[PDB]
Ligand SMILES: c1c[nH]c(-c2ccc(OCCCCCCCOc3ccc(-c4ncc[nH]4)cc3)cc2)n1
Ligand SMILES: c1c[nH]c(-c2ccc(OCCCCCCCOc3ccc(-c4ncc[nH]4)cc3)cc2)n1
Ligand SMILES: [Ca+2]
Ligand SMILES: [Ca+2]
Ligand SMILES: [Ca+2]
Ligand SMILES: [Ca+2]
């Protein structure tokens with residue numbers, strides 16, 4: 001498999017490593033999202049230590065108002081993070 | 001770096017491995033997009049052998065009508081491919 005194909009699989013793998021822990025196995029609730037960010041994005045994003053901070057991230061990511069981040073919404077999060085990285089985190 | 005962080009970097013790396021070959025160094029023209037798909041997505045997508053086929057992919061991906069796929073548009077392509085893979089390529 002190419003690096004791109006492996007990367008695609010990694011995105012799926014990390015989502016399901018967190019989404020399945022609690023409640024709906026197909027969505028990240030705020031507690032799962034906090035864990036994913038703190039454990040898997042520690043070199044790109046600041047550690048989340050306050051509930052208000054993860055509340056704000058979920059508010060941004062949750063486009064259908066169910067209070068959770070589904071796979072489609074996670075893809076949008078990935079695009080945000082990747083765009084930030086692409087621009088050398090300048091913004 | 002986590003697998004997710006490495007995956008993010010891989011997405012950026014593969015874009016620039018193709019976008020820089022011709023013309024605008026920041027965008028994939030159809031010829032570059034064809035190369036990327038045939039070389040880096042050979043286990044996920046059918047090989048492109050006809051100009052009409054890459055014309056159609058670019059028509060789908062090109063949201064600002066410049067005839068090329070920029071980084072934002074590439075992210076949308078990645079989301080499409082990843083969603084397809086996530087659903088076991090059933091559709
Ligand atoms: C304020 C809040 N957070 C911050 C902040 C957080 C983190 C940080 O830095 C994080 C560590 C970086 C490690 C990854 C290295 C590779 O990433 C690439 C690879 C290719 C391109 C690229 N782009 C175009 C061509 N190549 C661009 C980036 C900087 C600021 N500041
Ligand atoms: C018609 C046109 N093209 C086709 C077609 C093309 C290619 C193909 O298969 C391609 C090869 C697959 C190799 C990658 C293995 C891992 O990918 C994963 C990993 C996790 C999940 C997942 N999802 C949820 C939980 N885990 C889902 C998928 C099948 C049909 N048919
Ligand atoms: Ca869950
Ligand atoms: Ca949602
Ligand atoms: Ca180019
Ligand atoms: Ca375009």
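Looking at the stretch B:1-47, which of its residues are in a loop (DSSP other than H, G, I, E, B) and either within 8 Å of another protein chain (Cβ to nearest Cβ) or within 26 Å of residue A:36 (Cβ to Cβ) (or both)?
Residues of the stretch B:1-47 in a loop (DSSP other than H, G, I, E, B): B:1-2, B:20-27, B:29, B:41-47.
Scanning the stretch B:1-47 gives B:1, B:2, B:41, B:42, B:43, B:44.
With the condition kept exactly as written, say whether any residue in the stretch B:68-75 is free of Cβ contacts under 8 Å to residues at least 60 places away in the same chain, within 11 Å of chain A (Cβ to nearest Cβ) and at positive phi.
For the stretch B:68-75, residues free of Cβ contacts under 8 Å to residues at least 60 places away in the same chain, within 11 Å of chain A (Cβ to nearest Cβ) and at positive phi: absent.
Report the residue count in the stretch A:21-63 for those that are closer than 19 Å to residue A:79 by Cβ and within 16 Å of ligand 2 (Cβ to nearest atom). Even if it seems obvious, please write down each step before you answer.
Quick first cut of the stretch A:21-63, residues closer than 19 Å to residue A:79 by Cβ only: A:27-28, A:33, A:36-37, A:40-41, A:43-45, A:56-63.
Checking which are within 16 Å of ligand 2 (Cβ to nearest atom) leaves us with A:27-28, A:36.
Within the stretch A:21-63, residues that are closer than 19 Å to residue A:79 by Cβ and within 16 Å of ligand 2 (Cβ to nearest atom) number 3.
Inside the stretch A:77-89, can you point out the residues that are part of a helix (DSSP H, G or I) and surrounded by fewer than 15 Cβ atoms within 10 Å (Cβ to Cβ)?
Initially, the stretch A:77-89 is screened for residues part of a helix (DSSP H, G or I), giving A:77-86.
Scanning the stretch A:77-89 gives a single hit, A:80.
What is the number of the single condition among (1) within 12 Å of the chain's Cα centre (by Cα); (2) away from ligand 5 (no atom under 16 Å from the Cβ); (3) over 30 Å from residue A:43 (Cα atoms); (4) surrounded by 15 or more Cβ atoms within 10 Å (Cβ to Cβ) that residue B:48 does not meet?
So the condition that residue B:48 fails would be (1).
Positions of Cβ are backbone-derived with ideal geometry, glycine not excepted, and every protein chain shown enters the neighbour counts. Read-outs: derived from the displayed coordinates by stated rules, not from any lab.
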